[PDB]
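In: Experimental structure below, sequence on top.
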Amino acid sequence: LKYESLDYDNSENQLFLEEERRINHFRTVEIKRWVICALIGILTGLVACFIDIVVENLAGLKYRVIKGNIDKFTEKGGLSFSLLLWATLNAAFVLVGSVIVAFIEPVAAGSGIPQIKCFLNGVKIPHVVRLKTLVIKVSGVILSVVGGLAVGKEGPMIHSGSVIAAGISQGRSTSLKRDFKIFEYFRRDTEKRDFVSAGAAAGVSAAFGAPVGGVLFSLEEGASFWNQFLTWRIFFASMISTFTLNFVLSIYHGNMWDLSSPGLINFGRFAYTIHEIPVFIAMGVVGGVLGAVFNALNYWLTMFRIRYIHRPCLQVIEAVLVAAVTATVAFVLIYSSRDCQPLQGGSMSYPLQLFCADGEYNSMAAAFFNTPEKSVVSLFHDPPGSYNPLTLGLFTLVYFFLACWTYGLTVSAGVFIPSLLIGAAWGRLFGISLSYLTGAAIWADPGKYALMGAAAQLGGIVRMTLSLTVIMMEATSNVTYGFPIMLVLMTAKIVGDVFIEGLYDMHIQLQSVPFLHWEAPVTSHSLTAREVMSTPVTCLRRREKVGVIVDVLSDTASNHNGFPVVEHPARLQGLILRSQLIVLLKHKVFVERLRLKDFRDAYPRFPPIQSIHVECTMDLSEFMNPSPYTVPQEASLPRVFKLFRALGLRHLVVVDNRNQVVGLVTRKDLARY
Amino acid sequence: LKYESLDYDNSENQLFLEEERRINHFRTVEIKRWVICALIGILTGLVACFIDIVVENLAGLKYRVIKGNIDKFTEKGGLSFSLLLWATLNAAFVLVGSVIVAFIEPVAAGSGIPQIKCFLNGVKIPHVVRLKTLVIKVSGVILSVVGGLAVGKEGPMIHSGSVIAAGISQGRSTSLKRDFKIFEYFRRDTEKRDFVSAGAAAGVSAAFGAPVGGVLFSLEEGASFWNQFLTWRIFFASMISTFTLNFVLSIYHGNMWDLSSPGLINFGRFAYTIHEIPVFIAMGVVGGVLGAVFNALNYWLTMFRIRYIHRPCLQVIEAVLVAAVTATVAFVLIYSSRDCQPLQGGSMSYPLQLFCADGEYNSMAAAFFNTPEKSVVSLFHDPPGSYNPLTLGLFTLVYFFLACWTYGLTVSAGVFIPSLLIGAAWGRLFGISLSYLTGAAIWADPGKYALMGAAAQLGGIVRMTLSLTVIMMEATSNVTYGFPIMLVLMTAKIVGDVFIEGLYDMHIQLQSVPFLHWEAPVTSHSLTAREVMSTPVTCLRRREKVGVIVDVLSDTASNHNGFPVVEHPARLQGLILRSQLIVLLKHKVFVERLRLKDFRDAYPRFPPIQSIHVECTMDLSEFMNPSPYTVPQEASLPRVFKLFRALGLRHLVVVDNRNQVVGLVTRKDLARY
Amino acid sequence: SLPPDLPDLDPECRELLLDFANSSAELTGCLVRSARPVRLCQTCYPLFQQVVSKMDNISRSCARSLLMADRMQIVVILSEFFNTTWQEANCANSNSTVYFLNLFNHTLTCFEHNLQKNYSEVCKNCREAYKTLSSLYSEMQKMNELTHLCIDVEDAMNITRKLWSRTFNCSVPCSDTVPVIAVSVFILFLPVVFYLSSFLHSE
Amino acid sequence: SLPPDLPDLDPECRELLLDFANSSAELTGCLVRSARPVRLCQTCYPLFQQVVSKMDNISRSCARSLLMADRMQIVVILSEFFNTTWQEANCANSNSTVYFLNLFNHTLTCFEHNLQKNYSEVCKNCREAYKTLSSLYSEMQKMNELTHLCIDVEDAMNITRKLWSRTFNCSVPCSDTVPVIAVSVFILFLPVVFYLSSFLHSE
Ligand SMILES: *[C@@H]1O[C@H](CO)[C@@H](O)[C@H](O)[C@H]1NC(C)=O
Ligand SMILES: *[C@@H]1O[C@H](CO)[C@@H](O)[C@H](O)[C@H]1NC(C)=O
Ligand SMILES: *[C@@H]1O[C@H](CO)[C@@H](O)[C@H](O)[C@H]1NC(C)=O
Ligand SMILES: *[C@@H]1O[C@H](CO)[C@@H](O)[C@H](O)[C@H]1NC(C)=O
Ligand SMILES: *[C@@H]1O[C@H](CO)[C@@H](O)[C@H](O)[C@H]1NC(C)=O
Ligand SMILES: *[C@@H]1O[C@H](CO)[C@@H](O)[C@H](O)[C@H]1NC(C)=O
Ligand SMILES: *[C@@H]1O[C@H](CO)[C@@H](O)[C@H](O)[C@H]1NC(C)=O
Ligand SMILES: *[C@@H]1O[C@H](CO)[C@@H](O)[C@H](O)[C@H]1NC(C)=O
Ligand SMILES: *[C@@H]1O[C@H](CO)[C@@H](O)[C@H](O)[C@H]1NC(C)=O
Ligand SMILES: *[C@@H]1O[C@H](CO)[C@@H](O)[C@H](O)[C@H]1NC(C)=O
Ligand SMILES: *[C@@H]1O[C@H](CO)[C@@H](O)[C@H](O)[C@H]1NC(C)=O
Ligand SMILES: *[C@@H]1O[C@H](CO)[C@@H](O)[C@H](O)[C@H]1NC(C)=O
Ligand SMILES: *[C@@H]1O[C@H](CO)[C@@H](O)[C@H](O)[C@H]1NC(C)=O
Ligand SMILES: *[C@@H]1O[C@H](CO)[C@@H](O)[C@H](O)[C@H]1NC(C)=O
């Protein structure tokens, strides 16, 4: 009763039908869309490089203080006055990073995907698109990753690339200072979702390196009818964002003639036989099961967190304690390591030596001091015999529970990279065991199994099949490996769906969003589409009076947003909705003049009727759409549901045999099943 | 009046609604579709390797006879008795390859794409899916490529992979010997197009190496509403076909642990700056212009060929003369070459030495004796200073006119590879000229320009934007090069659309197929959808008599396939079509019993009413669909067109204000604009 | 007063390293000596075996302390380099090679036996001395087909091919130009008859 | 009776090839001689210059006829191999290196000066002889930071690090175990207080 829907249909009036005749009389309305879809990718690539340049310099400031601190509190007295320093340095950043979220607005909490695949679906979640949400999210993921927590940074690139999509498309900046008289004709919906679709497919490419995966993502959620031109602009807006991220970072590092580092995460360059095709299936089942342990007990945690810690004073303290425990467990676990190795190459960014021979370096200080992306790349590409298999066990068994207990906090970060790292960890740990029981001549290289454990763990945690196979095929730069990965993610969904739901679906169902999804249940195939409606209809005839429509709008007991018009007993001659109706009452159009643009004024927000103080009659023709998408009764629900979803509809209307309105099907009726 | 449409809507009856209740009472109807989509890819990979194994052995038999012939008619008398031998060897194969097409059926002529992107569209072209067409096409492309003509082999893989899609989906083999009682419930349309879409996206991947390009191809033509499950089976049927082509050819060549050669054409492995981004745009305009010369004078040829050579006796002779001239021009052009080079590596498959020093070999005999794919790969990857720029000029200026004069013949081969070869030829010839006027330090390597001329020439000849950018990105195995290629193909369409239409569109318009395409013209935006209909409607009331429906079916002056039912003046209570109606008249259902399966019998072909010899009345309830997709009048054409196309509709019905049928919109009405 | 092995090695292994040194310096010297005429394959075949033998002997302790002592394992690098140079030259040698060498020596003596501008001299006599040599060369490629076959044979045939063409103008006359113009202009004449005759059959 | 250059070269260039031969054989001999202790960088620095000089002299006709005569250009390969071995060793040398060598010589003499099991001997005296050496080594990596720095220095420090640890048990005692247990078990005790205290504040 709080989340009102999104109108994707253009309610053509006589005013729209006259204004589109006016603008058509040198066809300069579509060439103005390519400019927005061009500079909607440049502005996303620059945000994606502004995060990456800042966070590595702040991490380089933060970790060298610590490794210079425990090079002098060795050889002498205690180390505890450095453990306290690393605990308070991991607490001081996340204190600010949790205060600026838990008090100003809670919408920026978590990742950005479940609040953006519901808007894409048609549900306007409160706030979300406001600039303040962008400023607090892009300054909350910098301050939390360097804060020291087990959270990825490639999560919040989708939401941050979607907010700037629906902010420059309007040309308004509704805070203050209207900043343009340009970019009218776009101040409506049916453009809002068409540019949020081009924004969210410019954050998936700019964070993973896959442009052709981003369009499949934005299509997968955006289940509209297929039009080539719109996809041919989403592809053009996606291809820019992985070019204005190479061209800035390559200016930053060195020479401009080296166009590597295609995104924020970079898998390397990258041979198998048929005889191990069952073995990969035997990984995917494991990828379901541990996934359904990660995705279940978090649920038993999250309702606890929603039951007792539902106030801003406590969750800040709880985030600080999560950061301090994340420091102390890592320091205990590197204090007691016995496995030390000689350094080589750039496999250790900050080499740490304590309680080890001279020249050699501790190997447990790897995968805590360096970034998660560098550790995941090192797990894909290291030559065999490089990891002690007791190190990976105590690392995975700690990092799994830390990444489970950290997600759902009131800070702003994602959950992609703390799934790939767990998956590659136990994938390489499983790949070693196929070498200590055979000779391991050629076909037991752990670089394959470290890949196909990381592909399994994502499908186990985040059920996502078509748009994830492609972005695992494009970032690996190899099309021969496309066939086992598809065979893994197909398994890890249909094993994991037996136990528990998705991770992105619990955080939608636990907020009571309607969220109708593609297709309909086959068990409910014969509902015959007369049971699924609201039986009385508070419709309004055309041109009665004014007091009728005032008393049908101003009513506390019911909130209805769409009203069909009738004639003579009824005819269903089109429908009028609240926005247009209170626009007509804000002016005086009583029959006792204006163009299309007047309706657009104050478009984002419409004043409530209690501020519209103060009979005659008004003629509702030339303000309504003369042809709603109607369906009869007697029709199957699968057909009714497909029609409703496949187009973008807020108000389906059912009729009688003699064309009389007998019910109205809205979104919340179809969502309940 | 010959090409009747395809029904994609399931006309739910009471019999369908009872039978789907019967089959649902362990959900074994969808798990039977994954078996067909699995073994629809294996059977396409085996055809794609059966072509490739046979054609290289026959070419190896044919060319070594010739190079052994002109090693003994050197050093002695004349060479003309070998020119006659190479002319008659290029004539003897194409004689049989043109006789088995020009006499049995003309549908296998040309490529396979314009007869399969019209079926995909909904037009049942005559024949086409019959086994005989498959047998003559897959044995006509072998006999023509080795015959010696400038035609590609990766063209006819789409049609040959689409015929076996709609032949094992039925389980009938309607020639004789029904061969199964399995695979009922699929003997209807709404499965026919769903498996032709999975077949045609298994020929694009099996011929180029791009699985994710094939699904975008089959979607681009298949403009239906988006459902995730169907795309998630088309992707699964596409990924198989590039794995059962590696696994067979790698058994054939050598060891099975080398999974290269991903398809029939294999680009290699594969650095640019911003400062040459305009230069690539300056290629694409050229790629339009020469494209619009290739795509225009062929038109002036083809109507000539349709005006005077429209009989099977002459076009066989004309194909033989094209083959003999293709021999003789190549022999004259290699007889007079002066440029000879020392051999190295495997750059020459069959080395030819005539009138050259000992050890060195003629370089003009390259790119005539070896395959086009090997020459295109050699033009992408050779180091600089390897081609004499007079050789490429006389090669391109001959091969352009030969590939223009050969296309449109009555043989069965494609036009992809004779576009990439021309594009790479003048691309490398343009890339040399940027080295003989600068120093050419790093950024003037001809390997880039030989790529982005070949990408330009396809967009110039075959206007195809979204499904071609992806298959040029996946076969090059590099995602950094995705941005200039998109910037080239975008130019070469909007320069070439000024002059002349597509190449695949002239061979649709010159056969008068309706072929409505996605979207509607913006100049005709206000037609108001009452002008675009047939004004009188020969509808039929329910339960009159028998003589009424017999005299409304049996009529020479008009052929109508769908009839709406009325009641009382009219009500539009659903519609009945001819197939069901003559099924009911083939039995005796007059009101004076059967399941759903009876309608399916003799599904492919329905007997005409003149064989249904010989009142009472029949009740048309429980045989019609009770809810057609209706629209009112007063509605804009863009809305009407989108609804018609986006779903699959054969009979849209317009109504009145009081729900009275006043017109019927069919496909040929919308197609004329 | 004795660290065991880390600063210095025993005097039981140092003479082995000096023996490998004496082998490798002389192998590089003989290998380097062959100039434009390549006789390395046929002159450094005996002392190439000994270096390999010495390497095997060292490989067969005194193998961990002597080639796993450091990065830049210089003994393994020199040995590896020799192995790489040897394989790409691809000697595989010897009777056939000897016969070819004898033929080359004979073939080459007939040039200065008949030498003395005016290279139109009695060199027709060397024609049957030349061609069969090249014929044997092609036959030798049929013998080592189931890539370059050697380096002594390749350079020996290369020198003869350089002498036969670009310093002695020994070209062959051509006899056929008018038949390969007549047949070509006859075959390129049938389409302009065919289309024009099918056009005028409209009555 | 004289082919110009193809079978044989002039006697004006063959002595240059013999001089390069005499250089390269002796360079390989000296380079090969260094064993586990690596003194190659500090012993083959003079005769490495001459080989390069000779190569430049040959490079500066008698350059097309002598290294573009055939495939397997063996002079270019030997020279290239030497260049590759030289660059990866990365000598770049000399005063600092000399000082380091002197320190190493001094540091190592104190071991057998105090030698004589029972490695718990007066080696505390060499502690201040040891540590500053390693300190200088770290400072030297700060000097050549703006990768391995040399091979004489790396192996000389490697030998001392091998002697200091795994044949002389010279470990350092540890003092702190109870504070890094107390602080850790105190910090891992606050969440089980926090959640349980927030649960019992429901009244
Ligand atoms: C090298 O070997 C030769 C021949 O056996 C011998 O005369 C000479 O003394 C040896 N020199 C060295 C340095 O071992
Ligand atoms: C190996 O070295 C030993 C000791 O110098 C020598 O006695 C023996 O002949 C050598 N054998 C070979 C095969 O070189
Ligand atoms: C140090 O000596 C050890 C002993 O084998 C060797 O493995 C290592 O490569 C040496 N390190 C350096 C820097 O030379
Ligand atoms: C070269 O190395 C290969 C592979 O290890 C070995 O088989 C061969 O015997 C070596 N040859 C020489 C000349 O050392
Ligand atoms: C070389 O020896 C082989 C094997 O005995 C023999 O087959 C061949 O005829 C010999 N060739 C010559 C040139 O003597
Ligand atoms: C060539 O033949 C001559 C004369 O018989 C002989 O002196 C010389 O050694 C031979 N040379 C070769 C390379 O066989
Ligand atoms: C070339 O030599 C031949 C044979 O000795 C002689 O007849 C002729 O005059 C010579 N020609 C020239 C141009 O010296
Ligand atoms: C090599 O050089 C040395 C020292 O100059 C000289 O004594 C010797 O004669 C030279 N040997 C050769 C083969 O040139
Ligand atoms: C180059 O070679 C010449 C001739 O042998 C000799 O005179 C000169 O000293 C050499 N110069 C150098 C730099 O080696
Ligand atoms: C033949 O000699 C020429 C002259 O330079 C050289 O370019 C070529 O590599 C040689 N070929 C062979 C097979 O040795
Ligand atoms: C090695 O080759 C490089 C690059 O050509 C050159 O700059 C350098 O002088 C060479 N060094 C030696 C020792 O030859
Ligand atoms: C080596 O010489 C440099 C440059 O003159 C000087 O800066 C440095 O102090 C010297 N070092 C030693 C160890 O003498
Ligand atoms: C080490 O010092 C000793 C005694 O002064 C001296 O004899 C010897 O040459 C020195 N060695 C090195 C390598 O500096
Ligand atoms: C070790 O040497 C010390 C000092 O000479 C002596 O006091 C002690 O008894 C020795 N211990 C052993 C176990 O030999």
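Out: In hand now; what should we look at? Numbering: from 1, shown residues only, chains lettered A, B, ... in the order given. Ligands and ions are numbered 1, 2, ... in the order given.
In: Need the residue in chain C that's farthest from the chain's center.
Out: residue C:203 (71.8 Å; Cα atoms, centre = their mean).
In: Against residue D:168, how distant is it?
Out: 115 Å (Cβ to Cβ, to the nearest Å). C-betas here are computed from N, CA, C, even on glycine.
In: in the stretch 301-450 of chain A, which spans are strands?
Out: Secondary structure of the stretch 301-450 of chain A by DSSP state E, counting those that start in this stretch: the strands cover A:340-342, A:360-362.
In: Can you name every helix or strand that the helix or strand harbouring residue C:107 contacts?
Out: Assigned by DSSP states H and E, residue C:107 belongs to helix C:95-113. If contacts are counted by 3 or more Cβ pairs under 8 Å, 6 or more residues apart in numbering or on different chains; DSSP states H and E, helix C:95-113 sits against helix C:127-143, helix C:152-165.
In: which one of those is the most hemmed in?
Out: helix C:152-165 (a mean of 19; mean count of other Cβ atoms under 10 Å in any protein chain shown).
In: now that one, how far from the chain's geometric center?
Out: From the chain centre to the centre of helix C:152-165 is a distance of 11 Å (Cα atoms, centre = their mean, to the nearest Å).
In: and if you look at stretch A:567-581?
Out: Here the centre of stretch A:567-581 is set off from its chain's centre by 38 Å, with Cα atoms, centre = their mean.
In: Tell me which residues of it come out buried.
Out: For stretch A:567-581, the neighbour count (16 or more other Cβ atoms under 10 Å in any protein chain shown) marks A:570-578, A:580-581 as buried.
In: Quick one: residues contacting residue C:74.
Out: Applying Cβ atoms under 8 Å, 6 or more residues apart in numbering or on different chains, one finds that residue C:74 lies in contact with D:31-32, D:34, D:40, D:85.
In: Tell me the one among these nearest to ligand 9.
Out: Checking these against ligand 9 with Cβ to the nearest ligand atom, the nearest one is residue D:31 at 20.6 Å.
In: What is the host helix or strand of the closest one packed up against?
Out: Residue D:31 is part of helix D:14-33 when elements are defined by DSSP H and E. Packing partners of helix D:14-33 (3+ Cβ pairs under 8 Å, 6+ apart): helix C:14-33, helix C:74-89, helix D:40-43, helix D:46-59, helix D:74-89.
In: Would you mark the buried spots in the fourth one?
Out: By neighbour count with 16+ other Cβ under 10 Å, helix D:46-59 contains the buried residues D:48, D:51, D:54-55, D:58.
In: circling back: now render the contacts of residue C:74 as JSON lines, adding distance to residue B:390 and neighbour count.
Out: JSON lines is the format used below for those (distance: Cβ to Cβ, whole Å; neighbours: other Cβ atoms under 10 Å in any protein chain shown):
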{"residue": "D:31", "distance to residue B:390": "51", "neighbour count": "21"}
{"residue": "D:32", "distance to residue B:390": "53", "neighbour count": "22"}
{"residue": "D:34", "distance to residue B:390": "57", "neighbour count": "20"}
{"residue": "D:40", "distance to residue B:390": "54", "neighbour count": "22"}
{"residue": "D:85", "distance to residue B:390": "45", "neighbour count": "17"}
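In: State the pair within these that is farthest apart.
Out: D:34 and D:85 (12.2 Å; Cβ to Cβ).
In: Against residue A:285, how distant is the closest residue to residue A:380 other than its chain neighbours?
Out: Nearest in space to residue A:380, with sequence neighbours left out and distances taken as Cβ to Cβ, 6 or more residues apart in numbering or on different chains, is residue A:450 at 5.5 Å. With the distance defined as Cβ to Cβ, residue A:450 ends up 18 Å from residue A:285.
In: Pick out whichever of the contacts of residue C:74 sits closest to residue B:242.
Out: Using Cβ to Cβ, those come closest to residue B:242 at residue D:85, 45.0 Å.
In: Tell me how many other residues crowd the closest residue to the closest one other than its chain neighbours.
Out: Using Cβ to Cβ, 6+ apart and skipping the chain neighbours, the partner closest in space to residue D:85 is residue C:77 (6.8 Å). By other Cβ atoms under 10 Å in any protein chain shown, the residues close to residue C:77 number 14.
In: picking up where we left off before, and the helices and strands packed on helix C:95-113: which comes nearest ligand 2?
Out: Per Cβ to the nearest ligand atom, nearest to ligand 2 of these: helix C:152-165, 28.2 Å.
In: Direction-wise, compare that closest one with helix C:95-113 and give the angle.
Out: Inter-element angle recorded for helix C:152-165 and helix C:95-113: 30 degrees (by axes from the mean of the first three to the mean of the last three Cα atoms, to 10 degrees).
In: where does the residue nearest the centre of chain C fall, phi/psi-wise?
Out: Centroid-nearest residue in chain C, with Cα atoms, centre = their mean: residue C:151, separated by 2.4 Å. When read as degrees, to the nearest 10, the backbone of residue C:151 gives phi -130, psi -20.
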